[PDB]
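Have a look at the structure below before the remarks.
Numbers and lists here come from the model and the stated rules, or from a named source; no laboratory instrument gave them. Cβ atoms come from the backbone with ideal geometry, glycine included; neighbour counts cover every protein chain shown.
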Amino acid sequence: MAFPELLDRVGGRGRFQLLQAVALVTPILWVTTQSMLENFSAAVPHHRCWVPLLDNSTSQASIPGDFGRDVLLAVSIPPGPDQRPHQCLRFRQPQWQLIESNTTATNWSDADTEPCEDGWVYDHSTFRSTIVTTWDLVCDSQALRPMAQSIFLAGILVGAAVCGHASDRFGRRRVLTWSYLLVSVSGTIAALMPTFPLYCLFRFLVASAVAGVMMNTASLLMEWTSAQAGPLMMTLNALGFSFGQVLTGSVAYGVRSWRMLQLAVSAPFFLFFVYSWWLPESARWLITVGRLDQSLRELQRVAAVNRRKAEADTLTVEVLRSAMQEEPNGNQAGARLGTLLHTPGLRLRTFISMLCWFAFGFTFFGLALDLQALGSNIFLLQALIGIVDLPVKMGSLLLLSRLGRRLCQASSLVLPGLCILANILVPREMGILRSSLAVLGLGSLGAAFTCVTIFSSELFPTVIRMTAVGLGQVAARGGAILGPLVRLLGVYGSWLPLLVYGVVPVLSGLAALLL
Ligand SMILES: CCc1nc2ccccn2c1C(=O)c1cc(Br)c(O)c(C#N)c1
(Lines give C-alpha, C1' and ligand atoms only; values in the text may rest on other atoms or scores of the structure.)
Protein backbone atom coordinates (compact mmCIF):
# COMPACT_ATOMS: atom_id res chain seq x y z
CA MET A 1 0.00 0.00 0.00
CA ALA A 2 2.65 2.50 -1.06
CA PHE A 3 1.87 6.14 -1.80
CA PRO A 4 2.13 5.85 -5.64
CA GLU A 5 -0.88 3.52 -5.61
CA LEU A 6 -2.90 6.16 -3.76
CA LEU A 7 -1.75 8.96 -6.07
CA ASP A 8 -2.64 6.88 -9.13
CA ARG A 9 -6.02 6.22 -7.50
CA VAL A 10 -6.86 9.89 -6.92
CA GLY A 11 -5.56 10.94 -10.34
CA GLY A 12 -2.00 11.82 -11.24
CA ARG A 13 -2.06 13.88 -14.43
CA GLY A 14 -5.47 15.45 -14.97
CA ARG A 15 -6.59 19.02 -14.19
CA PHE A 16 -5.35 19.75 -10.66
CA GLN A 17 -1.63 19.43 -11.39
CA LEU A 18 -2.01 21.86 -14.31
CA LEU A 19 -3.55 24.51 -12.04
CA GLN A 20 -0.92 23.84 -9.38
CA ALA A 21 1.85 24.20 -11.96
CA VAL A 22 0.40 27.53 -13.09
CA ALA A 23 0.05 28.84 -9.54
CA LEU A 24 3.60 27.77 -8.63
CA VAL A 25 5.37 28.80 -11.85
CA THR A 26 3.87 32.30 -11.96
CA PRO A 27 5.99 33.52 -8.97
CA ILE A 28 9.22 32.26 -10.60
CA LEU A 29 9.07 35.17 -13.05
CA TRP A 30 9.06 37.71 -10.21
CA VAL A 31 11.75 35.74 -8.39
CA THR A 32 13.92 36.19 -11.49
CA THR A 33 13.11 39.91 -11.57
CA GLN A 34 14.11 40.21 -7.91
CA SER A 35 17.35 38.35 -8.62
CA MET A 36 18.36 40.39 -11.68
CA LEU A 37 17.08 43.78 -10.51
CA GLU A 38 20.61 44.71 -9.40
CA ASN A 39 21.57 45.15 -13.06
CA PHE A 40 19.16 48.09 -13.42
CA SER A 41 18.76 49.53 -9.91
CA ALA A 42 22.55 49.85 -9.67
CA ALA A 43 23.56 50.94 -13.19
CA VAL A 44 26.54 53.30 -13.26
CA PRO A 45 25.93 56.24 -15.64
CA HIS A 46 28.50 58.53 -17.18
CA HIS A 47 29.70 61.16 -14.71
CA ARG A 48 32.27 63.91 -14.27
CA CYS A 49 33.58 66.13 -11.51
CA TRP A 50 31.66 69.03 -9.98
CA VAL A 51 32.96 72.37 -11.26
CA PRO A 52 31.89 75.78 -9.88
CA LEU A 53 32.35 77.42 -13.28
CA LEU A 54 29.78 75.16 -14.96
CA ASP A 55 27.39 73.86 -12.32
CA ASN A 56 26.96 77.00 -10.18
CA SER A 57 24.69 79.66 -11.67
CA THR A 58 26.14 82.28 -9.31
CA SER A 59 29.55 81.72 -10.90
CA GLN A 60 27.81 81.37 -14.27
CA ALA A 61 26.71 85.00 -14.02
CA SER A 62 30.35 85.99 -13.37
CA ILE A 63 31.95 84.30 -16.42
CA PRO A 64 34.25 86.74 -18.26
CA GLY A 65 33.46 86.13 -21.92
CA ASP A 66 30.75 84.06 -23.62
CA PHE A 67 32.69 80.82 -23.97
CA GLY A 68 30.98 77.61 -25.02
CA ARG A 69 30.39 74.81 -22.55
CA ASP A 70 32.91 72.61 -24.37
CA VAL A 71 35.71 75.14 -23.81
CA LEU A 72 34.86 75.42 -20.11
CA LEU A 73 34.77 71.62 -19.80
CA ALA A 74 38.20 71.37 -21.44
CA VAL A 75 39.51 74.12 -19.15
CA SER A 76 38.19 72.72 -15.88
CA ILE A 77 38.59 68.93 -16.25
CA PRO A 78 41.81 67.15 -17.26
CA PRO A 79 41.48 64.90 -20.31
CA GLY A 80 41.05 61.19 -19.73
CA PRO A 81 42.33 57.98 -21.30
CA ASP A 82 39.27 57.62 -23.56
CA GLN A 83 39.46 61.25 -24.80
CA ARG A 84 36.69 62.03 -22.27
CA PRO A 85 36.82 64.45 -19.33
CA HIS A 86 38.53 62.44 -16.63
CA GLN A 87 36.16 61.31 -13.95
CA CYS A 88 37.76 61.52 -10.50
CA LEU A 89 39.74 64.80 -10.29
CA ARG A 90 39.57 68.51 -11.01
CA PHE A 91 41.71 71.55 -11.86
CA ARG A 92 42.32 73.72 -8.80
CA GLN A 93 42.65 77.20 -10.29
CA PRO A 94 40.77 77.78 -13.62
CA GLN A 95 43.40 77.14 -16.31
CA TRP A 96 42.98 79.84 -18.96
CA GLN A 97 46.12 78.92 -20.90
CA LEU A 98 44.51 75.76 -22.32
CA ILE A 99 42.45 77.90 -24.71
CA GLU A 100 45.51 78.83 -26.77
CA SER A 101 46.47 76.13 -29.26
CA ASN A 102 50.10 77.33 -29.33
CA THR A 103 50.90 75.08 -26.34
CA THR A 104 50.81 71.28 -26.55
CA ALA A 105 48.32 70.37 -23.80
CA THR A 106 50.26 67.33 -22.60
CA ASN A 107 52.54 68.49 -19.74
CA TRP A 108 50.39 68.23 -16.62
CA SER A 109 51.56 67.22 -13.15
CA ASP A 110 49.60 65.27 -10.56
CA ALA A 111 50.19 68.16 -8.13
CA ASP A 112 48.08 70.43 -10.37
CA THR A 113 44.87 68.51 -9.58
CA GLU A 114 42.67 67.84 -6.54
CA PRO A 115 40.08 65.14 -5.78
CA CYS A 116 36.42 66.00 -6.24
CA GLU A 117 35.58 67.28 -2.76
CA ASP A 118 32.29 68.76 -4.02
CA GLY A 119 30.50 65.66 -5.31
CA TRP A 120 29.83 64.60 -8.87
CA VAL A 121 27.42 65.32 -11.71
CA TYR A 122 25.83 62.27 -13.32
CA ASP A 123 24.14 61.76 -16.67
CA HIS A 124 20.34 61.56 -16.45
CA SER A 125 19.57 60.74 -20.09
CA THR A 126 18.69 57.08 -19.49
CA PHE A 127 18.32 56.47 -15.73
CA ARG A 128 16.64 58.99 -13.44
CA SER A 129 18.28 57.58 -10.30
CA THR A 130 20.20 54.51 -9.10
CA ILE A 131 21.93 53.58 -5.86
CA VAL A 132 25.22 54.79 -7.35
CA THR A 133 23.69 58.22 -8.00
CA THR A 134 22.15 58.36 -4.52
CA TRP A 135 25.10 57.27 -2.37
CA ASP A 136 28.05 58.21 -4.64
CA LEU A 137 29.50 54.77 -5.41
CA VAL A 138 32.29 56.28 -7.51
CA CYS A 139 36.11 56.51 -7.51
CA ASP A 140 37.37 55.18 -4.17
CA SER A 141 33.97 53.57 -3.51
CA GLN A 142 33.65 51.55 -6.72
CA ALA A 143 34.29 48.27 -4.86
CA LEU A 144 30.90 48.29 -3.11
CA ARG A 145 28.76 47.01 -5.99
CA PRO A 146 30.31 43.50 -6.09
CA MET A 147 30.13 43.66 -2.29
CA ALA A 148 26.36 44.15 -2.50
CA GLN A 149 25.96 41.34 -5.04
CA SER A 150 28.07 38.94 -2.96
CA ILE A 151 26.05 39.85 0.14
CA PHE A 152 22.85 39.02 -1.74
CA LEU A 153 24.25 35.65 -2.86
CA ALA A 154 25.43 34.80 0.66
CA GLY A 155 21.90 35.61 1.77
CA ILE A 156 20.60 33.10 -0.77
CA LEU A 157 22.94 30.43 0.61
CA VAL A 158 22.13 30.97 4.29
CA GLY A 159 18.41 31.20 3.57
CA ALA A 160 18.55 27.97 1.58
CA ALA A 161 20.11 26.10 4.50
CA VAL A 162 17.87 27.54 7.23
CA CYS A 163 14.68 27.20 5.19
CA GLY A 164 15.67 23.63 4.33
CA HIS A 165 15.72 22.74 8.01
CA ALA A 166 12.54 24.72 8.73
CA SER A 167 10.58 23.18 5.85
CA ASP A 168 11.73 19.69 6.77
CA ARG A 169 10.48 20.31 10.32
CA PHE A 170 7.21 22.22 9.74
CA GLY A 171 6.00 21.41 6.20
CA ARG A 172 6.04 22.67 2.63
CA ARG A 173 3.08 24.99 2.10
CA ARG A 174 3.42 26.83 5.42
CA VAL A 175 7.06 27.72 4.87
CA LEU A 176 6.29 28.66 1.27
CA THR A 177 3.52 31.04 2.33
CA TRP A 178 5.59 32.70 5.05
CA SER A 179 8.46 33.02 2.56
CA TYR A 180 6.13 34.89 0.19
CA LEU A 181 5.21 37.25 3.02
CA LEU A 182 8.85 37.76 4.00
CA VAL A 183 9.87 38.55 0.41
CA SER A 184 7.11 41.14 0.07
CA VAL A 185 7.69 42.89 3.40
CA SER A 186 11.49 42.88 3.18
CA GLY A 187 11.46 44.25 -0.37
CA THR A 188 9.01 47.01 0.54
CA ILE A 189 11.17 47.98 3.52
CA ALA A 190 14.40 47.89 1.49
CA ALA A 191 12.88 50.25 -1.08
CA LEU A 192 13.02 53.02 1.57
CA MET A 193 16.28 52.72 3.54
CA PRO A 194 18.46 55.87 3.65
CA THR A 195 21.91 54.34 4.26
CA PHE A 196 23.86 51.71 2.35
CA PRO A 197 24.32 49.07 5.12
CA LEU A 198 20.56 48.98 5.73
CA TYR A 199 20.00 48.40 2.01
CA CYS A 200 22.53 45.56 2.07
CA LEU A 201 20.93 43.95 5.13
CA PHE A 202 17.42 44.03 3.70
CA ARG A 203 18.63 42.68 0.36
CA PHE A 204 20.19 39.85 2.37
CA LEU A 205 16.82 39.09 3.98
CA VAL A 206 15.07 39.24 0.60
CA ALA A 207 17.61 36.77 -0.79
CA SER A 208 17.07 34.34 2.09
CA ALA A 209 13.31 34.38 1.57
CA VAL A 210 13.73 33.96 -2.20
CA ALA A 211 15.85 30.86 -1.66
CA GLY A 212 13.15 29.46 0.61
CA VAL A 213 10.50 30.14 -2.04
CA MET A 214 12.44 28.41 -4.82
CA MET A 215 13.28 25.33 -2.78
CA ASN A 216 9.77 24.81 -1.41
CA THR A 217 8.17 25.38 -4.81
CA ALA A 218 10.44 22.75 -6.37
CA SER A 219 9.76 20.21 -3.62
CA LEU A 220 5.98 20.71 -3.52
CA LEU A 221 5.83 20.52 -7.31
CA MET A 222 7.80 17.27 -7.31
CA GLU A 223 5.92 15.52 -4.50
CA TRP A 224 2.38 15.69 -5.95
CA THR A 225 2.91 13.94 -9.30
CA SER A 226 3.63 10.50 -10.69
CA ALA A 227 7.29 9.67 -11.31
CA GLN A 228 6.73 9.66 -15.08
CA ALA A 229 5.90 13.39 -15.14
CA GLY A 230 8.85 14.72 -13.13
CA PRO A 231 11.14 16.00 -15.89
CA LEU A 232 8.21 17.70 -17.63
CA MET A 233 7.59 19.91 -14.61
CA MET A 234 11.33 20.42 -14.16
CA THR A 235 11.30 21.77 -17.73
CA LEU A 236 8.37 24.03 -16.84
CA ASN A 237 10.31 25.35 -13.85
CA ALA A 238 13.30 25.98 -16.13
CA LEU A 239 11.19 27.89 -18.69
CA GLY A 240 9.86 30.03 -15.86
CA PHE A 241 13.29 31.64 -15.49
CA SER A 242 13.52 32.57 -19.18
CA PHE A 243 10.08 34.17 -19.07
CA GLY A 244 11.28 35.90 -15.91
CA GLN A 245 14.23 37.39 -17.78
CA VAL A 246 11.90 38.73 -20.47
CA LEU A 247 9.67 40.21 -17.76
CA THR A 248 12.71 41.75 -16.06
CA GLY A 249 13.67 43.51 -19.27
CA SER A 250 10.13 44.74 -19.86
CA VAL A 251 9.57 46.08 -16.34
CA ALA A 252 13.01 47.72 -16.29
CA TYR A 253 12.12 49.49 -19.53
CA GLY A 254 8.83 50.59 -17.98
CA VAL A 255 10.19 52.29 -14.84
CA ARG A 256 13.49 54.17 -14.60
CA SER A 257 13.66 55.10 -10.89
CA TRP A 258 15.22 52.51 -8.61
CA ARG A 259 12.92 52.99 -5.61
CA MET A 260 9.77 52.82 -7.73
CA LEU A 261 11.19 49.82 -9.59
CA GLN A 262 11.94 48.00 -6.33
CA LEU A 263 8.44 48.72 -5.01
CA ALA A 264 6.81 47.52 -8.23
CA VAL A 265 8.85 44.31 -8.18
CA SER A 266 8.22 43.57 -4.50
CA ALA A 267 4.49 44.35 -4.57
CA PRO A 268 2.94 41.14 -6.05
CA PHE A 269 4.40 38.81 -3.42
CA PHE A 270 1.81 39.95 -0.89
CA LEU A 271 -0.86 38.91 -3.41
CA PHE A 272 0.88 35.55 -3.70
CA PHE A 273 0.84 35.24 0.10
CA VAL A 274 -2.88 36.01 0.17
CA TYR A 275 -3.88 33.06 -2.03
CA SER A 276 -1.10 30.69 -0.94
CA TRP A 277 -3.49 29.40 1.74
CA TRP A 278 -5.89 27.65 -0.65
CA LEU A 279 -3.19 25.30 -1.92
CA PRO A 280 -3.17 21.80 -0.38
CA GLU A 281 -0.20 20.53 1.60
CA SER A 282 1.86 17.63 0.27
CA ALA A 283 0.31 14.31 1.26
CA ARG A 284 3.59 12.36 1.32
CA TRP A 285 5.12 14.56 4.02
CA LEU A 286 1.86 14.45 5.96
CA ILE A 287 2.03 10.65 5.86
CA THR A 288 5.65 10.74 7.03
CA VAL A 289 4.94 12.87 10.11
CA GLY A 290 2.02 10.89 11.53
CA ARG A 291 -1.12 13.05 11.15
CA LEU A 292 -3.26 10.73 9.06
CA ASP A 293 -6.58 12.59 9.15
CA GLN A 294 -5.05 15.68 7.56
CA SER A 295 -3.52 13.44 4.89
CA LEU A 296 -6.95 11.96 4.17
CA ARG A 297 -8.45 15.44 3.92
CA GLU A 298 -5.90 16.59 1.34
CA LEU A 299 -6.22 13.36 -0.65
CA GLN A 300 -10.01 13.61 -0.73
CA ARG A 301 -9.87 17.29 -1.71
CA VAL A 302 -7.46 16.73 -4.60
CA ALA A 303 -9.48 13.70 -5.72
CA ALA A 304 -12.67 15.79 -5.70
CA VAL A 305 -10.87 18.42 -7.77
CA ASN A 306 -10.18 15.78 -10.43
CA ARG A 307 -13.79 14.49 -10.16
CA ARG A 308 -12.61 11.08 -8.88
CA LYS A 309 -14.74 10.81 -5.74
CA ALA A 310 -15.72 7.17 -6.34
CA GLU A 311 -12.13 5.95 -6.10
CA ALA A 312 -11.55 8.27 -3.13
CA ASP A 313 -14.50 6.74 -1.26
CA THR A 314 -12.44 3.63 -0.48
CA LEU A 315 -9.62 5.49 1.30
CA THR A 316 -9.30 4.59 4.98
CA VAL A 317 -6.68 5.14 7.67
CA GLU A 318 -5.27 1.59 7.49
CA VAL A 319 -3.82 1.91 3.98
CA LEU A 320 -2.35 5.27 4.99
CA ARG A 321 -0.68 3.61 7.99
CA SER A 322 0.69 0.91 5.68
CA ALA A 323 2.14 3.65 3.47
CA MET A 324 3.61 5.19 6.62
CA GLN A 325 5.36 1.93 7.50
CA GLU A 326 6.65 1.40 3.96
CA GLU A 327 8.40 4.79 3.89
CA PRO A 328 12.19 4.32 4.17
CA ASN A 329 14.04 5.86 7.10
CA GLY A 330 16.71 8.54 6.78
CA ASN A 331 18.83 7.69 9.84
CA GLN A 332 21.87 7.31 7.53
CA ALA A 333 22.37 11.11 7.23
CA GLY A 334 25.71 11.04 9.04
CA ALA A 335 27.05 8.21 6.90
CA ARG A 336 26.54 9.10 3.23
CA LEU A 337 28.41 12.42 3.41
CA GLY A 338 31.69 10.72 4.32
CA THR A 339 31.10 7.73 2.03
CA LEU A 340 30.82 10.06 -0.99
CA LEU A 341 34.49 11.07 -0.72
CA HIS A 342 36.01 8.16 1.21
CA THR A 343 35.10 5.70 -1.55
CA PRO A 344 38.03 5.62 -4.02
CA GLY A 345 35.71 5.11 -6.99
CA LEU A 346 33.28 7.80 -5.83
CA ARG A 347 35.97 10.33 -4.92
CA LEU A 348 36.82 11.30 -8.50
CA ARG A 349 33.25 11.05 -9.81
CA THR A 350 31.96 13.59 -7.28
CA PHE A 351 34.82 16.07 -7.72
CA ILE A 352 34.32 16.37 -11.48
CA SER A 353 30.59 16.71 -10.84
CA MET A 354 31.48 19.29 -8.18
CA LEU A 355 33.62 21.21 -10.67
CA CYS A 356 30.81 21.14 -13.23
CA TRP A 357 28.38 22.45 -10.61
CA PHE A 358 30.92 25.10 -9.57
CA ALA A 359 31.47 26.46 -13.08
CA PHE A 360 27.81 27.42 -13.59
CA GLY A 361 27.56 29.87 -10.71
CA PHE A 362 31.01 31.40 -11.22
CA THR A 363 30.60 32.28 -14.90
CA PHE A 364 26.88 32.97 -15.30
CA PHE A 365 26.42 35.26 -12.31
CA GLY A 366 29.72 37.04 -12.92
CA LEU A 367 28.49 38.15 -16.36
CA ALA A 368 24.70 38.24 -16.10
CA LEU A 369 25.06 41.11 -13.61
CA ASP A 370 27.37 43.17 -15.86
CA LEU A 371 25.41 43.63 -19.09
CA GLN A 372 26.49 47.28 -19.11
CA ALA A 373 29.97 46.32 -20.33
CA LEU A 374 28.83 43.86 -23.04
CA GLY A 375 26.83 46.29 -25.17
CA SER A 376 24.94 49.56 -25.45
CA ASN A 377 21.22 48.79 -24.99
CA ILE A 378 20.87 46.80 -21.79
CA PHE A 379 17.09 46.72 -22.15
CA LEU A 380 17.45 44.67 -25.34
CA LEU A 381 20.20 42.40 -23.98
CA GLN A 382 18.03 41.32 -21.04
CA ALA A 383 15.21 40.30 -23.38
CA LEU A 384 17.44 38.27 -25.69
CA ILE A 385 19.01 36.19 -22.91
CA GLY A 386 15.54 34.98 -21.99
CA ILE A 387 14.55 34.51 -25.64
CA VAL A 388 17.59 32.47 -26.71
CA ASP A 389 17.33 30.28 -23.60
CA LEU A 390 14.10 28.74 -24.94
CA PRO A 391 15.24 27.15 -28.27
CA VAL A 392 18.57 26.01 -26.81
CA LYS A 393 17.15 24.31 -23.70
CA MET A 394 14.58 22.30 -25.65
CA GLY A 395 16.94 21.69 -28.57
CA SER A 396 19.68 20.35 -26.30
CA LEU A 397 17.70 17.41 -24.88
CA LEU A 398 17.48 15.95 -28.39
CA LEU A 399 21.26 15.47 -28.38
CA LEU A 400 21.08 13.56 -25.08
CA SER A 401 19.81 10.30 -26.59
CA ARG A 402 21.56 10.62 -29.96
CA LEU A 403 25.02 12.04 -29.24
CA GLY A 404 25.42 10.26 -25.90
CA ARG A 405 25.72 11.31 -22.28
CA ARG A 406 29.38 12.15 -21.60
CA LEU A 407 29.70 14.26 -24.76
CA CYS A 408 26.73 16.49 -23.90
CA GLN A 409 28.32 17.81 -20.70
CA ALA A 410 31.59 18.69 -22.45
CA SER A 411 29.83 20.55 -25.27
CA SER A 412 27.46 22.28 -22.84
CA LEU A 413 30.42 24.07 -21.20
CA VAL A 414 33.16 24.43 -23.83
CA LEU A 415 31.03 26.01 -26.56
CA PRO A 416 29.44 28.73 -24.38
CA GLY A 417 32.92 29.23 -22.94
CA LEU A 418 34.55 29.96 -26.30
CA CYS A 419 31.85 32.54 -27.08
CA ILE A 420 33.12 34.74 -24.24
CA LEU A 421 36.80 34.31 -25.15
CA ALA A 422 35.93 35.33 -28.72
CA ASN A 423 34.64 38.62 -27.29
CA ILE A 424 38.17 39.61 -26.29
CA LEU A 425 39.79 38.87 -29.66
CA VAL A 426 37.13 40.50 -31.85
CA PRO A 427 37.79 44.23 -32.45
CA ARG A 428 35.44 46.63 -30.68
CA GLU A 429 34.71 48.24 -34.06
CA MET A 430 32.41 45.33 -34.99
CA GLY A 431 30.01 45.94 -32.12
CA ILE A 432 27.17 43.82 -33.51
CA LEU A 433 29.36 40.71 -33.47
CA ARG A 434 30.42 41.56 -29.91
CA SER A 435 26.81 41.76 -28.71
CA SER A 436 25.49 38.71 -30.57
CA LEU A 437 28.24 36.48 -29.19
CA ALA A 438 27.53 37.52 -25.59
CA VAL A 439 23.84 36.71 -26.08
CA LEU A 440 24.73 33.23 -27.34
CA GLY A 441 27.30 32.85 -24.57
CA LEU A 442 25.10 33.34 -21.51
CA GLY A 443 22.04 32.18 -23.44
CA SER A 444 23.57 28.75 -24.02
CA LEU A 445 25.19 28.69 -20.57
CA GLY A 446 21.79 28.18 -18.93
CA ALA A 447 21.41 24.85 -20.73
CA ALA A 448 24.27 23.57 -18.57
CA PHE A 449 22.08 23.90 -15.47
CA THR A 450 19.38 21.62 -16.88
CA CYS A 451 21.67 18.94 -18.34
CA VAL A 452 23.73 18.57 -15.16
CA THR A 453 20.63 18.36 -12.95
CA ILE A 454 19.28 15.41 -14.95
CA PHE A 455 22.66 13.69 -15.27
CA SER A 456 23.46 13.95 -11.56
CA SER A 457 20.91 11.35 -10.44
CA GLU A 458 21.65 8.59 -12.96
CA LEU A 459 25.38 8.25 -12.25
CA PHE A 460 25.13 7.78 -8.49
CA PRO A 461 23.69 4.69 -6.76
CA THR A 462 20.14 4.87 -5.45
CA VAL A 463 21.28 5.13 -1.81
CA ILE A 464 23.21 8.40 -2.17
CA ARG A 465 21.11 10.17 -4.83
CA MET A 466 19.77 12.92 -2.56
CA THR A 467 23.06 13.69 -0.81
CA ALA A 468 24.99 13.88 -4.09
CA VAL A 469 22.68 16.61 -5.41
CA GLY A 470 22.95 18.34 -2.04
CA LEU A 471 26.68 18.84 -2.47
CA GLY A 472 26.23 19.92 -6.09
CA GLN A 473 23.95 22.81 -5.16
CA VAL A 474 26.36 23.97 -2.43
CA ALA A 475 29.25 24.48 -4.86
CA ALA A 476 26.92 26.37 -7.20
CA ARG A 477 26.01 28.78 -4.39
CA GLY A 478 29.55 28.98 -3.02
CA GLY A 479 30.95 29.50 -6.50
CA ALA A 480 28.42 32.21 -7.35
CA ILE A 481 29.54 34.33 -4.38
CA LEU A 482 33.08 34.51 -5.79
CA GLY A 483 31.64 35.51 -9.17
CA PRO A 484 31.18 39.27 -8.77
CA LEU A 485 34.37 39.69 -6.73
CA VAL A 486 36.49 38.90 -9.80
CA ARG A 487 35.46 42.22 -11.36
CA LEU A 488 37.78 43.93 -8.86
CA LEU A 489 40.65 42.72 -11.07
CA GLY A 490 39.44 45.10 -13.79
CA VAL A 491 41.76 47.84 -12.51
CA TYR A 492 44.76 45.98 -13.94
CA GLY A 493 43.08 45.54 -17.32
CA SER A 494 39.81 45.34 -19.18
CA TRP A 495 40.31 41.84 -20.58
CA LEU A 496 41.09 40.17 -17.23
CA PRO A 497 37.47 39.78 -16.00
CA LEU A 498 36.56 38.19 -19.34
CA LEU A 499 39.64 35.95 -19.45
CA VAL A 500 38.99 34.28 -16.10
CA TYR A 501 35.28 33.85 -16.86
CA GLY A 502 36.20 32.00 -20.07
CA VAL A 503 39.02 29.79 -18.81
CA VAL A 504 36.99 28.18 -16.00
CA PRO A 505 34.24 26.69 -18.24
CA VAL A 506 36.83 25.39 -20.72
CA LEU A 507 38.69 23.52 -17.97
CA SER A 508 35.41 22.40 -16.39
CA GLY A 509 33.99 21.18 -19.70
CA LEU A 510 37.13 19.37 -20.84
CA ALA A 511 37.69 17.74 -17.44
CA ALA A 512 34.18 16.24 -17.55
CA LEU A 513 35.32 13.80 -20.26
CA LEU A 514 36.75 11.51 -17.55
CA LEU A 515 33.25 10.66 -16.25
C1 LIG B 1 18.34 33.51 -7.78
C2 LIG B 1 18.39 32.10 -8.35
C3 LIG B 1 18.47 32.17 -9.87
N4 LIG B 1 18.42 33.32 -10.56
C5 LIG B 1 18.51 33.02 -11.88
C6 LIG B 1 18.51 33.94 -13.16
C7 LIG B 1 18.62 33.33 -14.49
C8 LIG B 1 18.73 31.88 -14.62
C9 LIG B 1 18.73 31.02 -13.39
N10 LIG B 1 18.61 31.66 -12.00
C11 LIG B 1 18.59 31.12 -10.78
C12 LIG B 1 18.68 29.62 -10.48
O13 LIG B 1 18.31 28.85 -11.29
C14 LIG B 1 19.23 29.09 -9.17
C15 LIG B 1 20.64 29.45 -8.72
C16 LIG B 1 21.18 28.93 -7.41
BR17 LIG B 1 22.98 29.41 -6.86
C18 LIG B 1 20.32 28.03 -6.53
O19 LIG B 1 20.83 27.54 -5.32
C20 LIG B 1 18.91 27.65 -6.97
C21 LIG B 1 18.04 26.75 -6.09
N22 LIG B 1 17.40 26.08 -5.44
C23 LIG B 1 18.36 28.19 -8.29
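Observations on the structure shown:
- Here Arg487 does not qualify as crowded, with 18+ Cβ neighbours inside 10 Å, among the charged types (D, E, K, R) and within 16 Å of the ligand (Cβ to nearest atom).
- Matching residues, the range 68-90, being more than 44 Å from the chain's Cα centre (by Cα) and in contact (Cβ under 8 Å) with a residue 24 or more places away in the chain: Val71, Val75
- Of the candidates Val22, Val44, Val31, the single residue that is loosely packed, with under 12 Cβ neighbours inside 10 Å and within 22 Å of the chain's Cα centre (by Cα) is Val22.
- The one condition in (1) surrounded by 16 or more Cβ atoms within 10 Å (Cβ to Cβ); (2) over 30 Å from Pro416 (Cβ atoms) that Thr339 fails to fulfil: (1)
- When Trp224 is tested against (1) of a type in the set (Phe, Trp, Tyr); (2) more than 14 Å from the chain's Cα centre (by Cα); (3) within 13 Å of the ligand (Cβ to nearest atom), exactly one condition is not met: (3).
- A count restricted to the range 430-444 and to residues that are in contact (Cβ under 8 Å) with a residue 12 or more places away in the chain, more than 16 Å from the ligand (Cβ to nearest atom) and of a type outside the set (A, V, I, L, M, F, W, C) stands at 3.
- Residue satisfying all of: in the range 227-252; among the hydroxyl-bearing types (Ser, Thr, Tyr) and within 15 Å of the ligand (Cβ to nearest atom); farthest from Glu5 (Cα to Cα) among these: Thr248
- Within the range 91-112, the presence of a residue that is touching a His at 6+ places or on another chain (Cβ under 8 Å) and touching a residue at least 40 places away in the same chain (Cβ under 8 Å) is excluded.
- Residues within the range 445-470 that are among the polar types (S, T, N, Q), farther than 18 Å from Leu510 by Cα and within 15 Å of the ligand (Cβ to nearest atom), tallied: 2
- When the criteria are applied in full, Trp285 fails the requirement of being exposed (fewer than 14 other Cβ atoms within 10 Å of the Cβ), assigned by TED's automatic domain parsing to the domain that holds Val31 and in contact (Cβ under 8 Å) with a residue 40 or more places away in the chain.
- All conditions in (1) surrounded by 12 or more Cβ atoms within 10 Å (Cβ to Cβ); (2) within 30 Å of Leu367 (Cα to Cα) hold for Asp82, with the sole exception of (1).
- Consider the range 344-376 and keep the residues that are within 16 Å of the ligand (Cβ to nearest atom) and aliphatic (A, V, I, L, M). The one that is surrounded by the most Cβ atoms within 10 Å (Cβ to Cβ) is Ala359.
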